[PDB]
Amino acid sequence: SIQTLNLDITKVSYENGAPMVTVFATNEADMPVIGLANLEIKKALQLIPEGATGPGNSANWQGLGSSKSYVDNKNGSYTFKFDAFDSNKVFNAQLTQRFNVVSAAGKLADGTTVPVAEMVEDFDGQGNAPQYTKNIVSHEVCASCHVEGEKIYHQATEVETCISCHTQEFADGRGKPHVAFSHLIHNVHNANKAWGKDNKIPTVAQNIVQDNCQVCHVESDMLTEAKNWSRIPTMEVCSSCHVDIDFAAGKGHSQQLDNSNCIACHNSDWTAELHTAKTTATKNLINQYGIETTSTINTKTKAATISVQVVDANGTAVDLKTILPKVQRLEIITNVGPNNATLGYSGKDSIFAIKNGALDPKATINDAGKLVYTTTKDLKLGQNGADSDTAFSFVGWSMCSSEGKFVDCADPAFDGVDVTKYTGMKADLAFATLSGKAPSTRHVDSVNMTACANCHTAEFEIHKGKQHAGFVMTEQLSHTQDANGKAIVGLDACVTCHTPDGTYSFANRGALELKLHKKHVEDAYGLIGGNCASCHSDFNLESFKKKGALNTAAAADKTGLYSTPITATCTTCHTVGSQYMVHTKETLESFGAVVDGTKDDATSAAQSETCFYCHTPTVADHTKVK
Ligand code: HEC
Ligand code: HEC
Ligand code: HEC
Ligand code: HEC
Ligand code: HEC
Ligand code: HEC
Ligand code: HEC
Ligand code: HEC
Ligand code: HEC
Ligand code: HEC
Ligand SMILES: [Ca+2]
Ligand SMILES: [Ca+2]
Ligand SMILES: [Ca+2]
Ligand SMILES: [Ca+2]
Ligand SMILES: [Ca+2]
């Protein structure tokens, strides 16, 4: 029943010596929550100030104990006492006092379900507001990539709880400097050294975080120590990624025996700039130029002509001739039937209209300075229902770049493997109809690029390398808004290649309905698990009525096997015959499904599935049945 448990420390009194701490618990409606059985002060701490343990040294949380002893006051308030407060006799009323309060997920007596809740609050030594803090990050940055409300590795769900246990005192006591949170946190996302008894190399963490300080260190008016990432250089933290320096021995660096002089040479401006220089320069390059793309069908030849207008940062026309020698690639992929693409991967129209400053002979720049390209593949417009009246064209492009500048592509044969030599630019999408009626467009209301950008950043150059320019997904290809009038950046353009017939092979589950699920259930399950909300605002179950067969397997002879579309969509994570699927192939067929059959059988059965008679999936609970 309870969706969110709010916790406030409303009162701290030292009038009896050891503090009495009152917590007030409210639900999402701000109603008092009575009967909490698993409330605890997980840690009582006080803040040793910046520099007190030595010149250049970090502020530290000194341990004062913990408590599970509390009275339920029957009004939403709970009052803690400490049986053994400050066992080390270090309590100092001149220091900031911190309390880390946790409520374990569980159930009240009446059976009301209660979610986990965690918080910290800081005070002075009399229970008033604090005079100074160590507020550098907030839990929210972790939720960008780790499912909110789930434990991150172990122990807790919020970074402040991690910080309250993984203290300098904790690390010193175990003779393990590396388990201090300010070392650990960088260590577990950086592949320069392994961590844990089993020496995990953080290959995946490294691939996502890419040492980008700004995914966790965010400037914030609520966090007065947010600039500590550049302002407090110490061998203890800087060594977490810089693993080959021995400061003591002067190996990899001049000898340093303490943190006294780090800041004298490692000025905040330099530390901040050097660690963010390349992502900032790339983002600046991406935002220099745009494209505006149109498509028309010649009603007699039934070929689409795509026109690309380059524009500058202010939406002002740039003649493509003026920048052609710096255009590394421009690719146009055209498919048909945006709700159920009809040409497959092999049948799609595709061209590198530009490669390393050279126009393909099939592409021209007109006197208006636009690129013009006409499809050559049969688009089969109108040959598969009303949806097949619409051709949709995905434009991806890249410009040659070195050290934050656009450069001439000096090498015609440059293969696009070295991604330091070019920038993927903003991709576009253009619709055209044979009939001259308004085009169909695919739904974009269930998943969008904002979800992707949480883990991959808004500057994600998708497929950048030898095969592709790299697609940057922006409002350039938005054709609808959400309830609040924000432009939706959909992945509808991706269907040009991620077709119901799959991609280059019938074996890859290349259909967009399957591919993102396949990739992320295999490689991102530690981050996502069953958390559909990581990509989905909702499920568009109505879209299934516009789908046909979906490619789900390759037969022995390399030909395509297909499933009815709901079965195909669910089976990506619930493989038939595996421990992840209770329904046998026979049972799925009894519910109207075709499972890895012919395209004709799957197509004929595509609207015969009874799955949604029983299954009532929501993003909150996709497992829900009658
Ligand atoms: C929109 C819903 C998303 C798109 C489009 C993509 N993702 Fe992800 N993703 C994540 C991890 C941890 C990996 C594996 C990294 C690794 O193995 O090193 C991936 C992988 C991809 C890939 C493959 C190419 C690449 O690694 O860059 C593509 C093309 C891709 N993803 C596109 C993490 C996340 C994540 C965090 C919880 C979210 C919300 C998404 N990905 C969503 C999308
Ligand atoms: C996306 C840009 C991330 C942000 C922001 C944070 N983390 Fe992360 N983390 C991320 C990835 C891709 C990985 C590798 C996961 C894997 O499956 O290998 C991790 C790893 C961790 C770990 C290690 C335990 C493990 O999952 O292997 C911990 C303890 C961890 N992350 C914690 C963490 C905290 C506390 C964050 C907020 C400060 C945080 N992460 C941000 C991706 C991202
Ligand atoms: C105490 C109440 C803890 C809280 C809260 C968190 N962690 Fe922890 N962690 C704790 C101990 C006692 C240990 C073992 C230390 C040792 O002697 O080896 C750990 C270990 C980790 C590790 C492994 C680190 C390494 O081996 O280098 C990770 C990655 C880790 N802890 C992460 C972590 C995160 C993200 C937390 C907040 C959600 C967190 N821990 C809280 C004790 C405590
Ligand atoms: C999330 C995965 C992070 C990324 C990426 C980086 N940092 Fe970080 N940093 C993070 C946390 C959760 C903490 C602990 C905050 C606390 O309250 O204890 C830190 C701490 C630092 C510090 C220490 C500051 C101090 O007062 O001693 C420094 C100097 C620091 N981080 C630097 C840093 C740099 C240079 C990064 C990019 C290369 C960077 N961090 C990434 C979480 C994350
Ligand atoms: C991992 C998250 C890191 C932490 C924590 C710190 N640094 Fe770093 N540093 C990191 C990378 C990936 C790079 C290369 C950046 C690039 O694009 O070139 C760096 C680079 C430096 C440099 C540049 C010169 C050199 O020889 O590397 C300096 C002077 C440097 N880093 C200093 C530094 C200090 C003082 C840190 C603690 C505050 C620090 N780094 C943390 C990755 C990470
Ligand atoms: C001036 C006399 C310095 C003092 C004192 C410290 N460092 Fe340093 N450091 C300095 C220079 C000129 C360089 C090379 C810069 C470059 O761009 O090449 C460095 C390098 C580092 C690095 C990065 C090493 C690498 O990437 O290979 C780190 C992490 C670093 N320094 C940290 C650091 C700390 C923590 C210090 C106090 C203990 C410290 N340095 C002192 C110049 C000076
Ligand atoms: C044709 C020019 C393509 C366009 C446009 C897009 N993708 Fe793609 N993708 C393509 C191929 C040939 C492959 C390999 C075969 C396969 O089916 O896996 C892929 C692969 C992916 C993957 C899997 C992981 C990877 O190999 O990178 C994902 C998650 C993926 N593609 C996503 C994707 C998105 C979101 C697109 C629109 C921005 C997109 N692709 C366009 C071919 C083509
Ligand atoms: C990001 C990595 C994703 C996660 C995590 C989940 N889904 Fe997804 N889903 C994703 C994409 C890119 C698409 C394709 C949209 C398109 O235009 O075809 C989908 C599609 C679905 C569908 C089809 C209906 C629709 O809304 O388009 C269903 C029924 C669906 N997804 C279910 C689903 C469930 C149950 C998940 C949690 C276990 C889940 N998805 C996670 C991307 C991602
Ligand atoms: C991967 C992105 C998934 C897609 C697509 C779908 N499901 Fe799923 N489901 C997934 C996971 C990781 C889990 C948890 C498994 C575990 O035990 O941890 C589930 C679970 C279900 C369940 C409950 C388990 C059971 O035995 O019944 C149901 C009923 C379920 N899933 C249904 C379902 C349907 C109908 C889907 C298509 C609309 C579907 N799932 C897609 C991961 C993914
Ligand atoms: C009612 C008679 C059902 C019809 C029709 C279909 N399914 Fe089902 N499904 C049903 C139940 C009662 C369960 C188990 C629920 C639980 O939580 O244990 C399921 C389970 C699934 C799952 C999860 C499988 C697993 O994790 O082992 C999936 C992916 C699933 N069902 C898909 C599905 C499809 C695609 C259907 C149409 C062909 C379909 N189900 C019909 C009940 C019923
Ligand atoms: Ca308070
Ligand atoms: Ca909280
Ligand atoms: Ca590491
Ligand atoms: Ca456009
Ligand atoms: Ca029907």
# chains A, B, ... in the order shown; residues from 1 in each chain; ligands from 1
>>> residues_near_ligand(ligand="ligand 12", cutoff="7 Å", atoms="only C-alpha atoms and all ligand atoms", output="number ranges by chain")
A: 117-119, 158
>>> select_by_dssp(residues="region 547-624 of chain A", states="alpha helix (DSSP H)", output="VMD selection string")
chain A and resid 565 to 571 585 to 590 599 to 604 611 to 614
>>> residues_near_ligand(ligand="ligand 9", cutoff="7 Å", atoms="only C-alpha atoms and all ligand atoms", output="mmCIF file with C-alpha atoms, in the first residue's frame")
data_model
loop_
_atom_site.group_PDB
_atom_site.id
_atom_site.type_symbol
_atom_site.label_atom_id
_atom_site.label_comp_id
_atom_site.auth_asym_id
_atom_site.auth_seq_id
_atom_site.Cartn_x
_atom_site.Cartn_y
_atom_site.Cartn_z
ATOM 1 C CA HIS A 517 15.760 -6.088 -24.372
ATOM 2 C CA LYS A 518 18.299 -8.695 -25.618
ATOM 3 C CA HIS A 520 20.367 -4.986 -21.774
ATOM 4 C CA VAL A 521 19.085 -8.289 -20.223
ATOM 5 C CA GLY A 529 17.247 -6.380 -13.468
ATOM 6 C CA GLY A 530 13.468 -6.540 -14.108
ATOM 7 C CA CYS A 532 11.176 -1.896 -17.069
ATOM 8 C CA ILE A 566 3.518 -10.525 -28.338
ATOM 9 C CA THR A 567 5.172 -13.989 -27.984
ATOM 10 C CA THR A 569 8.437 -9.587 -27.482
ATOM 11 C CA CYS A 570 8.056 -11.566 -24.168
ATOM 12 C CA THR A 571 10.347 -14.495 -25.272
ATOM 13 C CA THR A 572 13.498 -12.262 -25.642
ATOM 14 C CA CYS A 573 13.885 -12.468 -21.816
ATOM 15 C CA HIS A 574 11.662 -15.619 -21.439
ATOM 16 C CA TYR A 580 12.663 -18.454 -17.705
ATOM 17 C CA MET A 581 9.403 -19.593 -19.462
ATOM 18 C CA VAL A 582 6.647 -21.699 -17.731
ATOM 19 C CA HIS A 615 -1.548 -10.605 -18.888
ATOM 20 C CA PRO A 617 1.429 -5.732 -17.677
ATOM 21 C CA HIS A 622 4.947 -6.221 -15.973
ATOM 22 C CA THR A 623 4.268 -9.664 -14.327
ATOM 23 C CA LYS A 624 0.633 -8.774 -13.451
ATOM 24 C CA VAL A 625 -2.047 -11.336 -14.437
#
>>> closest_atom_pairs(of="chain A", to="ligand 11", cutoff="10 Å", atoms="only C-alpha atoms and all ligand atoms", output="CSV")
residue,atom,partner,partner_atom_place_in_ligand_line,distance
A:7,CA,ligand 11,1 (Ca),8.7
A:8,CA,ligand 11,1 (Ca),5.0
A:9,CA,ligand 11,1 (Ca),4.3
A:10,CA,ligand 11,1 (Ca),4.4
A:11,CA,ligand 11,1 (Ca),6.9
A:12,CA,ligand 11,1 (Ca),9.1
A:22,CA,ligand 11,1 (Ca),9.3
A:23,CA,ligand 11,1 (Ca),8.3
A:24,CA,ligand 11,1 (Ca),8.9
A:120,CA,ligand 11,1 (Ca),9.4
A:121,CA,ligand 11,1 (Ca),6.6
A:122,CA,ligand 11,1 (Ca),8.4
A:123,CA,ligand 11,1 (Ca),8.8
A:127,CA,ligand 11,1 (Ca),9.9
A:128,CA,ligand 11,1 (Ca),9.6
A:129,CA,ligand 11,1 (Ca),8.7
>>> residues_near_ligand(ligand="ligand 5", cutoff="9 Å", atoms="only C-alpha atoms and all ligand atoms", output="PyMOL selection string")
chain A and resi 182-183+185-187+189-190+192+206+209-213+228-242+262-263+265-268+270-272+274-279
>>> residues_near_ligand(ligand="ligand 2", cutoff="6 Å", atoms="only C-alpha atoms and all ligand atoms", output="JSON, numbers by chain")
{"A": [141, 142, 144, 145, 152, 153, 159, 188, 189, 204, 205, 208, 209, 215, 216, 455, 524, 526]}
>>> residues_near_ligand(ligand="ligand 14", cutoff="8 Å", atoms="only C-alpha atoms and all ligand atoms", output="PyMOL selection string")
chain A and resi 291-294+428-430+475-478
>>> residues_near_ligand(ligand="ligand 15", cutoff="8 Å", atoms="only C-alpha atoms and all ligand atoms", output="list in words")
residues 607, 608, 609 and 610 of chain A
>>> write_last_selection(atoms="C-alpha atoms", output="compact mmCIF listing (two decimals), in the first residue's frame")
# COMPACT_ATOMS: atom_id res chain seq x y z
CA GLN A 607 -3.58 -10.92 -34.32
CA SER A 608 -4.65 -14.37 -32.94
CA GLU A 609 -2.70 -14.14 -29.59
CA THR A 610 -4.88 -14.20 -26.42
>>> closest_residue(among="A:220, A:423, A:87, A:543", to="residue 288 (chain A)", atoms="only C-alpha atoms")
A:423
>>> closest_atom_pairs(of="chain A", to="ligand 3", cutoff="7 Å", atoms="only C-alpha atoms and all ligand atoms", output="Markdown table")
| residue | atom | partner | partner_atom_place_in_ligand_line | distance |
| --- | --- | --- | --- | --- |
| A:42 | CA | ligand 3 | 2 (C) | 6.9 |
| A:151 | CA | ligand 3 | 38 (C) | 5.8 |
| A:152 | CA | ligand 3 | 38 (C) | 4.6 |
| A:153 | CA | ligand 3 | 35 (C) | 5.4 |
| A:154 | CA | ligand 3 | 40 (N) | 5.6 |
| A:155 | CA | ligand 3 | 41 (C) | 4.9 |
| A:156 | CA | ligand 3 | 38 (C) | 4.0 |
| A:157 | CA | ligand 3 | 38 (C) | 4.9 |
| A:158 | CA | ligand 3 | 38 (C) | 5.5 |
| A:159 | CA | ligand 3 | 37 (C) | 5.2 |
| A:161 | CA | ligand 3 | 5 (C) | 5.0 |
| A:162 | CA | ligand 3 | 37 (C) | 3.3 |
| A:164 | CA | ligand 3 | 5 (C) | 6.4 |
| A:165 | CA | ligand 3 | 1 (C) | 4.3 |
| A:166 | CA | ligand 3 | 43 (C) | 5.9 |
| A:174 | CA | ligand 3 | 17 (O) | 6.0 |
| A:176 | CA | ligand 3 | 17 (O) | 6.7 |
| A:178 | CA | ligand 3 | 27 (O) | 5.9 |
| A:179 | CA | ligand 3 | 27 (O) | 5.4 |
| A:184 | CA | ligand 3 | 27 (O) | 5.9 |
| A:188 | CA | ligand 3 | 29 (C) | 6.2 |
| A:195 | CA | ligand 3 | 27 (O) | 4.7 |
| A:196 | CA | ligand 3 | 26 (O) | 3.6 |
| A:197 | CA | ligand 3 | 26 (O) | 6.4 |
>>> closest_residue(among="A:505, A:547, A:611, A:542", to="ligand 7", atoms="only C-alpha atoms and all ligand atoms")
A:505
>>> residues_near_ligand(ligand="ligand 1", cutoff="8 Å", atoms="only C-alpha atoms and all ligand atoms", output="ChimeraX atom specification")
/A:144-147,203-208,447-456,460,462-463,491,516,519-520,523-528,534-536
>>> write_last_selection(atoms="C-alpha atoms", output="tab-separated table (two decimals), in the first residue's frame")
chain	number	residue	atom	x	y	z
A	144	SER	CA	20.68	7.81	-13.09
A	145	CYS	CA	22.23	4.28	-13.67
A	146	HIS	CA	21.36	2.10	-10.55
A	147	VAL	CA	17.65	1.17	-9.98
A	203	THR	CA	35.20	-3.20	-17.92
A	204	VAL	CA	31.43	-2.45	-18.15
A	205	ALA	CA	31.48	0.35	-15.48
A	206	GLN	CA	34.47	1.87	-17.37
A	207	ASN	CA	32.57	1.59	-20.70
A	208	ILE	CA	29.50	3.52	-19.28
A	447	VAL	CA	10.33	4.60	-24.62
A	448	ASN	CA	12.50	7.65	-25.47
A	449	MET	CA	16.14	8.79	-25.64
A	450	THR	CA	15.89	10.60	-22.20
A	451	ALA	CA	15.83	7.09	-20.62
A	452	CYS	CA	18.87	6.01	-22.77
A	453	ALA	CA	20.76	9.29	-21.92
A	454	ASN	CA	20.48	8.53	-18.14
A	455	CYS	CA	23.18	5.80	-18.65
A	456	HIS	CA	24.75	6.72	-22.07
A	460	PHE	CA	25.62	9.09	-27.16
A	462	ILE	CA	25.16	5.25	-31.33
A	463	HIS	CA	26.96	2.74	-33.67
A	491	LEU	CA	13.86	5.48	-31.34
A	516	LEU	CA	17.17	-3.39	-26.71
A	519	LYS	CA	21.33	-6.36	-25.24
A	520	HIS	CA	20.37	-4.99	-21.77
A	523	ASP	CA	24.86	-6.94	-20.43
A	524	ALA	CA	23.01	-4.47	-18.08
A	525	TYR	CA	21.16	-6.88	-15.73
A	526	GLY	CA	23.31	-5.72	-12.74
A	527	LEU	CA	21.98	-2.15	-13.35
A	528	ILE	CA	18.40	-2.88	-14.53
A	534	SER	CA	14.73	2.11	-16.66
A	535	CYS	CA	13.60	2.63	-20.33
A	536	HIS	CA	9.73	2.69	-20.26
>>> residues_around(residues="residue 408 (chain A)", least_positions_apart="2", cutoff="7 Å", atoms="only C-alpha atoms", output="ChimeraX atom specification")
/A:325-326,400,410
>>> residues_around(residues="residue 433 (chain A)", least_positions_apart="3", cutoff="12 Å", atoms="only C-alpha atoms", output="count of residues only")
32
>>> residues_near_ligand(ligand="ligand 7", cutoff="6 Å", atoms="only C-alpha atoms and all ligand atoms", output="list in words")
residues 462, 471, 491, 493, 494, 496, 497, 503, 504, 508, 510, 515, 516 and 519 of chain A
>>> write_last_selection(atoms="N, CA, C and O atoms", output="PDB file, in the first residue's frame")
ATOM      1  N   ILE A 462      25.528   6.684 -31.157  1.00  0.00           N
ATOM      2  CA  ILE A 462      25.159   5.248 -31.331  1.00  0.00           C
ATOM      3  C   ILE A 462      25.732   4.690 -32.650  1.00  0.00           C
ATOM      4  O   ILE A 462      25.555   5.317 -33.720  1.00  0.00           O
ATOM      5  N   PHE A 471      25.055   7.914 -34.613  1.00  0.00           N
ATOM      6  CA  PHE A 471      23.749   8.605 -34.564  1.00  0.00           C
ATOM      7  C   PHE A 471      23.607   9.319 -33.220  1.00  0.00           C
ATOM      8  O   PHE A 471      23.414   8.640 -32.189  1.00  0.00           O
ATOM      9  N   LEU A 491      12.937   6.404 -30.640  1.00  0.00           N
ATOM     10  CA  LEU A 491      13.865   5.476 -31.338  1.00  0.00           C
ATOM     11  C   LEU A 491      13.156   4.874 -32.559  1.00  0.00           C
ATOM     12  O   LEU A 491      13.540   3.758 -32.971  1.00  0.00           O
ATOM     13  N   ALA A 493      13.289   5.967 -35.600  1.00  0.00           N
ATOM     14  CA  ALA A 493      14.216   6.014 -36.754  1.00  0.00           C
ATOM     15  C   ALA A 493      15.014   4.707 -36.818  1.00  0.00           C
ATOM     16  O   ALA A 493      15.321   4.261 -37.933  1.00  0.00           O
ATOM     17  N   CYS A 494      15.287   4.095 -35.658  1.00  0.00           N
ATOM     18  CA  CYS A 494      16.114   2.861 -35.506  1.00  0.00           C
ATOM     19  C   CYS A 494      15.480   1.691 -36.268  1.00  0.00           C
ATOM     20  O   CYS A 494      16.204   0.788 -36.692  1.00  0.00           O
ATOM     21  N   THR A 496      14.482   1.538 -39.206  1.00  0.00           N
ATOM     22  CA  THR A 496      14.949   1.447 -40.622  1.00  0.00           C
ATOM     23  C   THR A 496      15.801   0.175 -40.809  1.00  0.00           C
ATOM     24  O   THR A 496      15.721  -0.458 -41.904  1.00  0.00           O
ATOM     25  N   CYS A 497      16.611  -0.175 -39.795  1.00  0.00           N
ATOM     26  CA  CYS A 497      17.509  -1.355 -39.780  1.00  0.00           C
ATOM     27  C   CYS A 497      17.017  -2.435 -38.817  1.00  0.00           C
ATOM     28  O   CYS A 497      17.248  -3.601 -39.109  1.00  0.00           O
ATOM     29  N   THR A 503      18.047  -7.921 -38.491  1.00  0.00           N
ATOM     30  CA  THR A 503      19.205  -7.135 -39.008  1.00  0.00           C
ATOM     31  C   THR A 503      19.973  -8.008 -40.009  1.00  0.00           C
ATOM     32  O   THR A 503      19.295  -8.692 -40.775  1.00  0.00           O
ATOM     33  N   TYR A 504      21.310  -7.980 -40.054  1.00  0.00           N
ATOM     34  CA  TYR A 504      22.101  -8.688 -41.108  1.00  0.00           C
ATOM     35  C   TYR A 504      21.887 -10.210 -41.014  1.00  0.00           C
ATOM     36  O   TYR A 504      22.077 -10.881 -42.016  1.00  0.00           O
ATOM     37  N   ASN A 508      19.778 -12.794 -34.652  1.00  0.00           N
ATOM     38  CA  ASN A 508      20.226 -11.773 -33.666  1.00  0.00           C
ATOM     39  C   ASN A 508      19.081 -11.125 -32.879  1.00  0.00           C
ATOM     40  O   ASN A 508      19.407 -10.253 -32.065  1.00  0.00           O
ATOM     41  N   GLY A 510      17.098  -8.896 -34.147  1.00  0.00           N
ATOM     42  CA  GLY A 510      17.405  -7.522 -34.598  1.00  0.00           C
ATOM     43  C   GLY A 510      16.216  -6.569 -34.561  1.00  0.00           C
ATOM     44  O   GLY A 510      16.442  -5.354 -34.590  1.00  0.00           O
ATOM     45  N   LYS A 515      15.599  -6.165 -29.649  1.00  0.00           N
ATOM     46  CA  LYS A 515      17.067  -5.907 -29.638  1.00  0.00           C
ATOM     47  C   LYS A 515      17.467  -5.201 -28.331  1.00  0.00           C
ATOM     48  O   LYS A 515      18.452  -5.622 -27.735  1.00  0.00           O
ATOM     49  N   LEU A 516      16.751  -4.163 -27.900  1.00  0.00           N
ATOM     50  CA  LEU A 516      17.170  -3.387 -26.712  1.00  0.00           C
ATOM     51  C   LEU A 516      17.050  -4.294 -25.497  1.00  0.00           C
ATOM     52  O   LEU A 516      17.962  -4.272 -24.650  1.00  0.00           O
ATOM     53  N   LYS A 519      20.008  -6.947 -25.555  1.00  0.00           N
ATOM     54  CA  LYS A 519      21.326  -6.359 -25.236  1.00  0.00           C
ATOM     55  C   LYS A 519      21.435  -6.080 -23.736  1.00  0.00           C
ATOM     56  O   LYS A 519      22.478  -6.382 -23.144  1.00  0.00           O
TER      57      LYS A 519
END
>>> residues_around(residues="residue 511 (chain A)", least_positions_apart="2", cutoff="7 Å", atoms="only C-alpha atoms", output="list in words")
residues 498, 499, 500, 501, 502, 509, 513, 514, 515, 550 and 551 of chain A
>>> write_last_selection(atoms="N, CA, C and O atoms", output="tab-separated table (two decimals), in the first residue's frame")
chain	number	residue	atom	x	y	z
A	498	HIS	N	16.42	-2.05	-37.68
A	498	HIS	CA	15.94	-3.00	-36.65
A	498	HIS	C	14.51	-3.40	-37.01
A	498	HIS	O	13.56	-3.04	-36.28
A	499	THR	N	14.40	-4.13	-38.12
A	499	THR	CA	13.13	-4.44	-38.83
A	499	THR	C	12.51	-5.70	-38.24
A	499	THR	O	13.20	-6.48	-37.60
A	500	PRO	N	11.20	-5.93	-38.48
A	500	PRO	CA	10.54	-7.19	-38.12
A	500	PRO	C	11.19	-8.46	-38.70
A	500	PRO	O	11.00	-9.55	-38.13
A	501	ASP	N	11.97	-8.29	-39.78
A	501	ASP	CA	12.77	-9.37	-40.42
A	501	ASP	C	14.16	-9.48	-39.79
A	501	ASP	O	14.95	-10.33	-40.26
A	502	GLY	N	14.45	-8.66	-38.77
A	502	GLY	CA	15.76	-8.63	-38.09
A	502	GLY	C	16.76	-7.72	-38.78
A	502	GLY	O	16.32	-6.83	-39.54
A	509	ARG	N	17.82	-11.50	-33.11
A	509	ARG	CA	16.63	-10.75	-32.61
A	509	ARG	C	16.80	-9.24	-32.89
A	509	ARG	O	16.65	-8.42	-31.95
A	513	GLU	N	11.81	-4.18	-31.18
A	513	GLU	CA	10.94	-4.74	-30.12
A	513	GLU	C	11.70	-5.78	-29.27
A	513	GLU	O	11.19	-6.13	-28.20
A	514	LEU	N	12.82	-6.31	-29.78
A	514	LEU	CA	13.56	-7.43	-29.14
A	514	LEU	C	14.99	-7.00	-28.80
A	514	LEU	O	15.48	-7.45	-27.77
A	515	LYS	N	15.60	-6.16	-29.65
A	515	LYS	CA	17.07	-5.91	-29.64
A	515	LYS	C	17.47	-5.20	-28.33
A	515	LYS	O	18.45	-5.62	-27.73
A	550	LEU	N	7.35	-11.17	-36.09
A	550	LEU	CA	8.70	-10.71	-35.68
A	550	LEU	C	9.68	-11.89	-35.80
A	550	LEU	O	9.37	-12.99	-35.29
A	551	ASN	N	10.81	-11.65	-36.46
A	551	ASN	CA	11.92	-12.62	-36.61
A	551	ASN	C	12.44	-12.96	-35.21
A	551	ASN	O	12.72	-12.03	-34.45
